[PDB]
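Everything below belongs to data.txt, which stores compact mmCIF, C-alpha atoms.
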```txt
# COMPACT_ATOMS: atom_id res chain seq x y z
CA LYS A 1 8.06 -19.99 12.10
CA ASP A 2 5.38 -20.15 9.33
CA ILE A 3 4.45 -16.59 8.47
CA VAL A 4 1.33 -17.85 6.69
CA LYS A 5 0.05 -19.35 9.92
CA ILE A 6 0.41 -16.04 11.72
CA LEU A 7 -0.78 -13.86 8.84
CA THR A 8 -4.10 -15.69 8.84
CA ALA A 9 -4.71 -15.13 12.57
CA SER A 10 -3.46 -11.54 12.26
CA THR A 11 -6.05 -8.77 11.72
CA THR A 12 -5.85 -6.22 8.88
CA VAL A 13 -6.97 -2.69 9.81
CA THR A 14 -7.67 0.15 7.30
CA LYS A 15 -8.72 3.77 7.74
CA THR A 16 -9.39 6.67 5.32
CA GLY A 17 -10.29 10.27 6.07
CA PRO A 18 -8.86 13.78 6.37
CA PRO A 19 -6.81 14.85 9.41
CA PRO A 20 -6.82 13.21 11.94
CA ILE A 21 -6.45 9.53 11.02
CA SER A 22 -4.46 7.15 13.20
CA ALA A 23 -5.87 3.67 12.71
CA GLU A 24 -5.68 1.81 16.01
CA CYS A 25 -5.37 -1.80 17.04
CA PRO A 26 -7.33 -4.36 19.12
CA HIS A 27 -6.75 -5.36 22.76
CA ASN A 28 -3.06 -6.06 23.36
CA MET A 29 -2.63 -6.61 19.58
CA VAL A 30 0.42 -4.91 18.00
CA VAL A 31 1.35 -3.43 14.60
CA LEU A 32 3.43 -6.05 12.82
CA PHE A 33 3.64 -3.57 9.89
CA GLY A 34 1.66 -1.09 7.80
CA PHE A 35 1.92 2.21 5.98
CA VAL A 36 0.19 5.57 5.51
CA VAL A 37 -0.44 7.53 2.31
CA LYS A 38 -1.19 11.25 2.41
CA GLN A 39 -2.74 13.31 -0.39
CA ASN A 40 -2.27 17.08 -0.61
CA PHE A 41 -4.59 19.29 -2.68
CA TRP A 42 -4.02 22.86 -3.85
CA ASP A 43 -6.05 25.44 -1.97
CA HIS A 44 -7.27 26.86 -5.31
CA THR A 45 -7.58 24.44 -8.24
CA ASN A 46 -8.40 21.67 -5.68
CA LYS A 47 -6.47 19.44 -8.03
CA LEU A 48 -3.73 17.19 -6.60
CA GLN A 49 -0.46 18.64 -5.42
CA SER A 50 1.43 15.73 -3.93
CA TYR A 51 1.61 12.23 -2.53
CA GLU A 52 3.47 11.29 0.67
CA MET A 53 4.01 7.79 2.15
CA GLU A 54 5.19 6.69 5.67
CA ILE A 55 5.64 3.51 7.78
CA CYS A 56 3.76 2.41 10.89
CA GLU A 57 6.30 1.55 13.57
CA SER A 58 6.77 -1.96 14.95
CA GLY A 59 5.13 -2.82 18.29
CA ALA A 60 2.60 0.01 18.59
CA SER A 61 -1.10 0.06 19.45
CA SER A 62 -1.54 2.70 16.74
CA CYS A 63 -0.18 3.81 13.44
CA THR A 64 1.54 6.91 14.72
CA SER A 65 1.20 9.08 11.54
CA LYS A 66 3.79 11.82 12.35
CA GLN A 67 2.97 15.20 10.70
CA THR A 68 3.42 20.44 10.87
CA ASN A 69 2.80 19.49 7.25
CA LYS A 70 -0.63 20.09 5.77
CA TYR A 71 -2.13 17.09 4.09
CA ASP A 72 -5.79 16.68 3.30
CA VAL A 73 -6.58 12.91 3.42
CA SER A 74 -4.71 9.78 4.54
CA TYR A 75 -5.30 6.16 3.54
CA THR A 76 -3.82 3.94 6.33
CA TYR A 77 -3.23 0.14 6.43
CA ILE A 78 -1.74 -1.93 9.25
CA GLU A 79 -1.44 -5.61 9.79
CA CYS A 80 -2.10 -6.01 13.50
CA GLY A 81 -1.45 -9.32 15.21
CA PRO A 82 -0.46 -10.62 18.65
CA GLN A 83 3.33 -9.97 18.67
CA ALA A 84 5.94 -7.88 16.94
CA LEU A 85 7.85 -9.95 14.52
CA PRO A 86 11.56 -10.76 14.94
CA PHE A 87 13.99 -10.22 12.10
CA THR A 88 11.66 -8.04 10.01
CA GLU A 89 12.16 -4.47 8.75
CA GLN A 90 9.97 -2.13 6.63
CA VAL A 91 11.18 0.15 3.81
CA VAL A 92 10.10 2.98 1.51
CA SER A 93 12.15 4.16 -1.42
CA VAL A 94 10.97 7.06 -3.62
CA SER A 95 12.30 8.10 -7.04
CA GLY A 96 11.88 10.50 -9.97
CA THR A 97 13.96 9.02 -12.79
CA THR A 98 12.84 6.01 -14.85
CA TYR A 99 14.10 3.29 -12.53
CA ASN A 100 13.05 2.98 -8.89
CA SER A 101 14.60 0.05 -7.04
CA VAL A 102 15.20 -1.06 -3.43
CA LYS A 103 17.47 -3.62 -1.75
CA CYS A 104 16.49 -5.34 1.49
CA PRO A 105 18.40 -4.48 4.70
CA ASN A 106 20.85 -7.01 6.21
CA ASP A 107 20.27 -8.95 2.96
CA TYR A 108 16.62 -9.69 3.78
CA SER A 109 13.95 -10.94 1.40
CA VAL A 110 10.70 -9.31 0.30
CA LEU A 111 7.67 -10.66 2.12
CA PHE A 112 5.26 -7.87 1.29
CA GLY A 113 5.95 -5.27 -1.31
CA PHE A 114 4.51 -3.03 -3.96
CA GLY A 115 5.14 0.10 -5.98
CA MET A 116 2.71 2.95 -6.60
CA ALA A 117 3.26 5.47 -9.36
CA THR A 118 1.73 8.91 -9.86
CA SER A 119 1.81 11.92 -12.17
CA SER A 120 0.63 15.06 -10.29
CA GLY A 121 2.17 17.60 -12.74
CA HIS A 122 1.65 17.98 -17.54
CA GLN A 123 -2.10 17.82 -16.60
CA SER A 124 -3.07 14.12 -16.02
CA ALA A 125 -3.12 14.14 -12.24
CA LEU A 126 -4.01 10.54 -11.32
CA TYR A 127 -1.77 8.62 -13.52
CA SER A 128 -1.53 6.66 -10.22
CA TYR A 129 -0.98 2.91 -10.92
CA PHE A 130 0.21 -0.08 -8.82
CA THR A 131 2.82 -2.90 -9.23
CA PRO A 132 3.69 -6.04 -7.17
CA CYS A 133 7.04 -7.03 -5.70
CA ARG A 134 7.89 -10.70 -5.67
CA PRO A 135 8.16 -12.51 -2.34
CA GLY A 136 11.54 -14.18 -2.07
CA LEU A 137 13.75 -11.72 -3.95
CA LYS A 138 16.09 -9.34 -2.21
CA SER A 139 15.21 -6.48 -4.61
CA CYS A 140 12.21 -4.84 -6.07
CA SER A 141 12.71 -3.20 -9.43
CA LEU A 142 10.10 -0.89 -10.97
CA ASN A 143 10.50 1.09 -14.17
CA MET A 144 8.14 4.09 -14.38
CA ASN A 145 6.67 5.58 -17.56
CA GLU A 146 7.56 9.18 -18.45
CA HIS A 147 5.55 12.17 -17.37
CA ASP A 148 5.43 10.36 -14.06
CA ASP A 149 6.22 12.43 -10.98
CA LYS A 150 7.39 9.96 -8.39
CA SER A 151 7.33 6.25 -7.61
CA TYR A 152 6.74 4.90 -4.04
CA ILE A 153 8.00 1.33 -3.46
CA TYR A 154 7.03 0.04 -0.03
CA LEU A 155 8.14 -3.34 1.13
CA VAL A 156 8.16 -5.51 4.26
CA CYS A 157 11.53 -7.41 4.32
CA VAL A 158 11.91 -10.62 6.36
CA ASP A 159 15.10 -12.50 7.18
CA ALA A 160 14.70 -15.43 4.70
CA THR A 161 16.55 -17.83 7.12
CA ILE A 162 13.78 -17.90 9.78
CA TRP A 163 10.68 -16.90 7.80
CA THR A 164 10.40 -19.96 5.63
CA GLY A 165 8.88 -20.56 2.23
CA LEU A 166 8.69 -16.96 1.03
CA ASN A 167 8.97 -18.70 -2.37
CA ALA A 168 5.43 -20.01 -1.65
CA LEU A 169 3.98 -16.46 -1.58
CA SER A 170 3.02 -14.06 -4.35
CA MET A 171 1.97 -10.42 -4.53
CA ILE A 172 -0.94 -9.33 -6.71
CA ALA A 173 -1.79 -5.74 -7.67
CA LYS A 174 -4.58 -4.83 -10.14
CA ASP A 175 -5.78 -1.32 -10.89
CA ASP A 176 -8.08 0.39 -13.33
CA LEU A 177 -8.36 4.09 -14.22
CA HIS A 178 -11.97 5.20 -14.01
CA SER A 179 -12.94 8.32 -15.92
CA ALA A 180 -14.11 11.63 -14.50
CA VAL A 181 -17.36 11.52 -16.56
CA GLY A 182 -17.88 -0.59 -13.19
CA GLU A 183 -16.13 -2.85 -10.67
CA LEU A 184 -12.62 -4.25 -10.00
CA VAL A 185 -11.60 -7.81 -9.02
CA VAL A 186 -8.20 -9.49 -8.81
CA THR A 187 -7.50 -13.15 -7.92
CA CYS A 188 -4.50 -15.16 -6.72
CA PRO A 189 -2.31 -17.24 -9.09
CA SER A 190 -1.64 -20.96 -8.61
CA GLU A 191 -5.09 -21.25 -6.99
CA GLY A 192 -3.80 -19.15 -4.12
CA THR A 193 -5.63 -17.71 -1.14
CA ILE A 194 -5.14 -14.23 0.40
CA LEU A 195 -2.90 -13.65 3.40
CA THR A 196 -3.48 -9.87 3.72
CA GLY A 197 -4.34 -6.99 1.41
CA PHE A 198 -6.32 -3.82 0.83
CA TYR A 199 -8.81 -2.43 -1.67
CA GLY A 200 -9.58 1.19 -2.34
CA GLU A 201 -10.26 4.25 -4.47
CA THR A 202 -8.28 7.49 -4.88
CA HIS A 203 -9.03 10.84 -6.54
CA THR A 204 -7.28 13.98 -7.74
CA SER A 205 -10.12 16.08 -6.36
CA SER A 206 -11.50 14.83 -3.05
CA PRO A 207 -14.50 16.42 -1.33
CA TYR A 208 -13.27 15.24 2.06
CA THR A 209 -18.05 10.51 1.87
CA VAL A 210 -15.35 7.80 2.37
CA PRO A 211 -13.95 4.83 0.34
CA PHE A 212 -11.26 2.27 1.50
CA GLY A 213 -10.93 -1.20 3.05
CA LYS A 214 -9.20 -4.54 3.59
CA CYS A 215 -9.11 -7.96 1.90
CA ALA A 216 -10.47 -11.12 3.51
CA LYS A 217 -8.20 -13.99 4.41
CA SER A 218 -7.92 -17.61 3.19
CA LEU A 219 -10.09 -16.44 0.21
CA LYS A 220 -9.13 -16.21 -3.43
CA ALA A 221 -9.85 -12.69 -4.76
CA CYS A 222 -10.24 -9.03 -3.69
CA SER A 223 -12.96 -6.70 -4.89
CA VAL A 224 -13.77 -2.99 -5.06
CA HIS A 225 -16.82 -0.97 -6.10
CA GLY A 226 -16.87 2.41 -7.88
CA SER A 227 -18.36 5.15 -5.72
CA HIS A 228 -9.70 15.45 -16.65
CA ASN A 229 -8.91 15.05 -12.91
CA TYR A 230 -10.13 11.44 -12.81
CA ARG A 231 -9.78 8.79 -10.15
CA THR A 232 -8.47 5.22 -9.86
CA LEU A 233 -9.45 1.89 -8.22
CA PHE A 234 -6.84 -0.53 -6.89
CA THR A 235 -6.23 -3.81 -5.10
CA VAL A 236 -3.06 -5.09 -3.44
CA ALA A 237 -2.80 -8.43 -1.69
CA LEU A 238 -0.45 -11.28 -0.89
CA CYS A 239 -1.31 -14.92 -1.51
CA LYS A 240 -0.11 -18.37 -0.47
CA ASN A 241 -0.14 -21.01 -3.20
CA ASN A 242 -2.36 -23.94 -2.20
```
Show the structure stored in the file as structure tokens.
Amino acid sequence: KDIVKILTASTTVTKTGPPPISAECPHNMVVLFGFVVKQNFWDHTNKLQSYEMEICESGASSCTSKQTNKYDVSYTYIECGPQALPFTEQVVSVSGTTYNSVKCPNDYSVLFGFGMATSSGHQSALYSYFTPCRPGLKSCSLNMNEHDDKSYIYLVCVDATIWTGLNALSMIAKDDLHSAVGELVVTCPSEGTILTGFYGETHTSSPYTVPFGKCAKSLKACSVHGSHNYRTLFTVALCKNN
């Protein structure tokens, strides 16, 4: 079964906002995969206090977010297609030391995958950057710089003996740190076109005014648009090599 074929007729869905955010899915469509990112801001300095990251369950008409923990905004992304996928499992590993690395369960292979890094506390709150994981490999390494807090590697693992040609895919992730005082574009290698991805902005002070979205499919780049404690623009996507 060609995962390209079904990732083009799948339907990305993104949602940003404070509590409550559960991004939902179209008629009889189901969450193949996805993830949720929560930001938590001190009740006084209003600076950042922490990141959190969770998985959307397989076969659900909603990203069930799953809180009694305060959290002040959540960026949510789900790929939502017709059916749940067989032999496919999602993963988050988090770390604090230099390395952060993840193996795939039942010896699977990365289909989708990326690391985010942060540095919520020194005093440079959004050190938050982004890295790609390679389709095909069983791992995903990611060394973090120092005075980083935590690294969040999230990957969708497929059983590489039924999902074919993962070696034909590639993950792109560009980011750029905008100041606190003008655009961001990233394009596929090997003249590739997008399968699925997301584009957004994050802050270390957030007033609640919204900014987040999804990449367009069978196209060749992904684009954002800028809307101390400064804030970052990012783009993650996955490409097939044509």
### Task
Using only C-alpha atoms, determine which residues lie at most 7 Å from residue 198 (chain A), disregarding the query and same-chain residues fewer than 3 positions distant; provide the list as an MDAnalysis selection string.
chainID A and resid 213:215 235:237
Please dump the current selection as a PDB file, in the coordinates of the input; keep C-alpha atoms.
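In the end it all went to result_8.pdb:
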```
ATOM      1  CA  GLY A 213     -10.930  -1.200   3.050  1.00  0.00           C
ATOM      2  CA  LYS A 214      -9.200  -4.540   3.590  1.00  0.00           C
ATOM      3  CA  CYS A 215      -9.110  -7.960   1.900  1.00  0.00           C
ATOM      4  CA  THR A 235      -6.230  -3.810  -5.100  1.00  0.00           C
ATOM      5  CA  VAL A 236      -3.060  -5.090  -3.440  1.00  0.00           C
ATOM      6  CA  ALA A 237      -2.800  -8.430  -1.690  1.00  0.00           C
TER       7      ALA A 237
END
```
## Note on the structure
One decimal place gives the CA of residue 69 (chain A)-CA of residue 99 (chain A) separation as 28.0 Å
### Query
Of the candidates A:96, A:211, A:20, A:136, which shows the shortest atom-to-atom distance to residue 70 (chain A), using only C-alpha atoms?
A:20
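For the choices A:27, A:228, A:15, A:134, the atom-to-atom distance to residue 199 (chain A) is smallest for A:15 when using only C-alpha atoms.
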### Task
Work out how far apart CA of residue 185 (chain A) and CA of residue 116 (chain A) are and give it in Å to one decimal.
18.1 Å
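Distance check against residue 47 (chain A) using only C-alpha atoms: of A:125, A:224, A:161, A:143, the minimum falls on A:125.
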### Query
Contacts of residue 157 (chain A) at 8 Å or less, counting all atoms listed in the file, minus same-chain residues fewer than 5 places along, as a PyMOL selection string?
chain A and resi 88-91+104-105+108-112
## Note on the structure
Expressed in Å, the length from CA of residue 51 (chain A) to CA of residue 210 (chain A) is 18.2 Å
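For the set A:197, A:115, A:34, A:81, the residue with the smallest atom-to-atom gap to residue 5 (chain A) is A:81, counting only C-alpha atoms.
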### Query
Using all atoms listed in the file, which of the listed residues (A:153, A:137, A:142, A:222) sits closest to residue 172 (chain A)?
A:222
Protein and nucleic acid residues near (-6.5, -8.2, 5.3) (cut-off 9 Å, all atoms listed in the file) as a PDB file with C-alpha atoms, in the frame of the given file:
```pdb
ATOM      1  CA  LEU A   7      -0.780 -13.860   8.840  1.00  0.00           C
ATOM      2  CA  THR A   8      -4.100 -15.690   8.840  1.00  0.00           C
ATOM      3  CA  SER A  10      -3.460 -11.540  12.260  1.00  0.00           C
ATOM      4  CA  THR A  11      -6.050  -8.770  11.720  1.00  0.00           C
ATOM      5  CA  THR A  12      -5.850  -6.220   8.880  1.00  0.00           C
ATOM      6  CA  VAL A  13      -6.970  -2.690   9.810  1.00  0.00           C
ATOM      7  CA  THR A  14      -7.670   0.150   7.300  1.00  0.00           C
ATOM      8  CA  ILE A  78      -1.740  -1.930   9.250  1.00  0.00           C
ATOM      9  CA  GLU A  79      -1.440  -5.610   9.790  1.00  0.00           C
ATOM     10  CA  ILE A 194      -5.140 -14.230   0.400  1.00  0.00           C
ATOM     11  CA  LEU A 195      -2.900 -13.650   3.400  1.00  0.00           C
ATOM     12  CA  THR A 196      -3.480  -9.870   3.720  1.00  0.00           C
ATOM     13  CA  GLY A 197      -4.340  -6.990   1.410  1.00  0.00           C
ATOM     14  CA  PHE A 198      -6.320  -3.820   0.830  1.00  0.00           C
ATOM     15  CA  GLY A 213     -10.930  -1.200   3.050  1.00  0.00           C
ATOM     16  CA  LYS A 214      -9.200  -4.540   3.590  1.00  0.00           C
ATOM     17  CA  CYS A 215      -9.110  -7.960   1.900  1.00  0.00           C
ATOM     18  CA  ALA A 216     -10.470 -11.120   3.510  1.00  0.00           C
ATOM     19  CA  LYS A 217      -8.200 -13.990   4.410  1.00  0.00           C
ATOM     20  CA  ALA A 237      -2.800  -8.430  -1.690  1.00  0.00           C
TER      21      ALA A 237
END
```
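Among A:238, A:53, A:21, A:140, the residue with the shortest atom-to-atom distance to residue 39 (chain A), counting all atoms listed in the file, is A:53.
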### Message
Env of residue 119 (chain A): 12 Å cut, atoms = only C-alpha atoms, seq-sep filter 6 positions within chain, self excluded. Answer as a ChimeraX atom specification.
### Response
/A:47-51,96,125-129,144-152,204,229-230
For the residues in that selection, give me C-alpha atoms as a compact mmCIF listing (two decimals), in the frame of the given file.
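Output (result24.txt):
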```txt
# COMPACT_ATOMS: atom_id res chain seq x y z
CA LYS A 47 -6.47 19.44 -8.03
CA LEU A 48 -3.73 17.19 -6.60
CA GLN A 49 -0.46 18.64 -5.42
CA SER A 50 1.43 15.73 -3.93
CA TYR A 51 1.61 12.23 -2.53
CA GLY A 96 11.88 10.50 -9.97
CA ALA A 125 -3.12 14.14 -12.24
CA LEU A 126 -4.01 10.54 -11.32
CA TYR A 127 -1.77 8.62 -13.52
CA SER A 128 -1.53 6.66 -10.22
CA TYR A 129 -0.98 2.91 -10.92
CA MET A 144 8.14 4.09 -14.38
CA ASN A 145 6.67 5.58 -17.56
CA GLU A 146 7.56 9.18 -18.45
CA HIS A 147 5.55 12.17 -17.37
CA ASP A 148 5.43 10.36 -14.06
CA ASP A 149 6.22 12.43 -10.98
CA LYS A 150 7.39 9.96 -8.39
CA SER A 151 7.33 6.25 -7.61
CA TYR A 152 6.74 4.90 -4.04
CA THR A 204 -7.28 13.98 -7.74
CA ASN A 229 -8.91 15.05 -12.91
CA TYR A 230 -10.13 11.44 -12.81
```
Can you take the partial region 118-136 of chain A, add N, CA, C and O atoms, and return it as a short mmCIF file (atom, residue, chain, number, x, y, z; two decimals), in the frame of the given file?
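As written to disk, selection.cif reads:
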```
data_model
loop_
_atom_site.label_atom_id
_atom_site.label_comp_id
_atom_site.auth_asym_id
_atom_site.auth_seq_id
_atom_site.Cartn_x
_atom_site.Cartn_y
_atom_site.Cartn_z
N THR A 118 2.61 7.76 -9.80
CA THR A 118 1.73 8.91 -9.86
C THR A 118 2.21 9.85 -10.96
O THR A 118 3.30 9.69 -11.50
N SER A 119 1.38 10.85 -11.27
CA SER A 119 1.81 11.92 -12.17
C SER A 119 1.04 13.21 -11.93
O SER A 119 0.22 13.62 -12.76
N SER A 120 1.35 13.90 -10.82
CA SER A 120 0.63 15.06 -10.29
C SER A 120 0.91 16.37 -11.05
O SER A 120 0.22 17.36 -10.80
N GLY A 121 1.86 16.39 -11.98
CA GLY A 121 2.17 17.60 -12.74
C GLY A 121 3.52 17.59 -13.43
O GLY A 121 3.81 18.44 -14.28
N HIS A 122 2.84 17.91 -16.69
CA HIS A 122 1.65 17.98 -17.54
C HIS A 122 0.36 18.23 -16.73
O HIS A 122 0.37 19.05 -15.80
N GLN A 123 -0.75 17.53 -17.09
CA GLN A 123 -2.10 17.82 -16.60
C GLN A 123 -2.95 16.55 -16.42
O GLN A 123 -4.19 16.64 -16.49
N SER A 124 -2.35 15.39 -16.18
CA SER A 124 -3.07 14.12 -16.02
C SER A 124 -2.84 13.59 -14.60
O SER A 124 -2.08 12.64 -14.38
N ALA A 125 -3.56 14.17 -13.63
CA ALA A 125 -3.12 14.14 -12.24
C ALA A 125 -3.02 12.70 -11.70
O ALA A 125 -1.93 12.26 -11.30
N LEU A 126 -4.13 11.95 -11.68
CA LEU A 126 -4.01 10.54 -11.32
C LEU A 126 -3.63 9.73 -12.55
O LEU A 126 -4.46 9.11 -13.21
N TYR A 127 -2.36 9.74 -12.83
CA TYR A 127 -1.77 8.62 -13.52
C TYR A 127 -1.45 7.49 -12.54
O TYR A 127 -0.71 6.57 -12.92
N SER A 128 -1.99 7.52 -11.31
CA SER A 128 -1.53 6.66 -10.22
C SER A 128 -1.88 5.19 -10.47
O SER A 128 -3.06 4.82 -10.43
N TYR A 129 -0.86 4.35 -10.69
CA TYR A 129 -0.98 2.91 -10.92
C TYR A 129 -0.30 2.15 -9.78
O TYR A 129 0.27 2.76 -8.88
N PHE A 130 -0.33 0.81 -9.85
CA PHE A 130 0.21 -0.08 -8.82
C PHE A 130 0.89 -1.32 -9.42
O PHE A 130 0.41 -1.87 -10.42
N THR A 131 2.00 -1.77 -8.80
CA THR A 131 2.82 -2.90 -9.23
C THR A 131 3.12 -3.82 -8.04
O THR A 131 3.25 -3.33 -6.91
N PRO A 132 3.27 -5.16 -8.27
CA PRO A 132 3.69 -6.04 -7.17
C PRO A 132 5.18 -6.28 -7.13
O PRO A 132 5.85 -6.24 -8.17
N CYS A 133 5.69 -6.53 -5.92
CA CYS A 133 7.04 -7.03 -5.70
C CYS A 133 6.99 -8.53 -5.41
O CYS A 133 6.05 -9.02 -4.77
N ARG A 134 8.00 -9.25 -5.86
CA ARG A 134 7.89 -10.70 -5.67
C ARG A 134 8.40 -11.10 -4.30
O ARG A 134 9.52 -10.75 -3.95
N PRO A 135 7.61 -11.82 -3.52
CA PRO A 135 8.16 -12.51 -2.34
C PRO A 135 9.34 -13.38 -2.72
O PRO A 135 9.37 -13.98 -3.78
N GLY A 136 10.33 -13.43 -1.82
CA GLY A 136 11.54 -14.18 -2.07
C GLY A 136 12.76 -13.37 -2.47
O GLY A 136 13.85 -13.56 -1.90
#
```
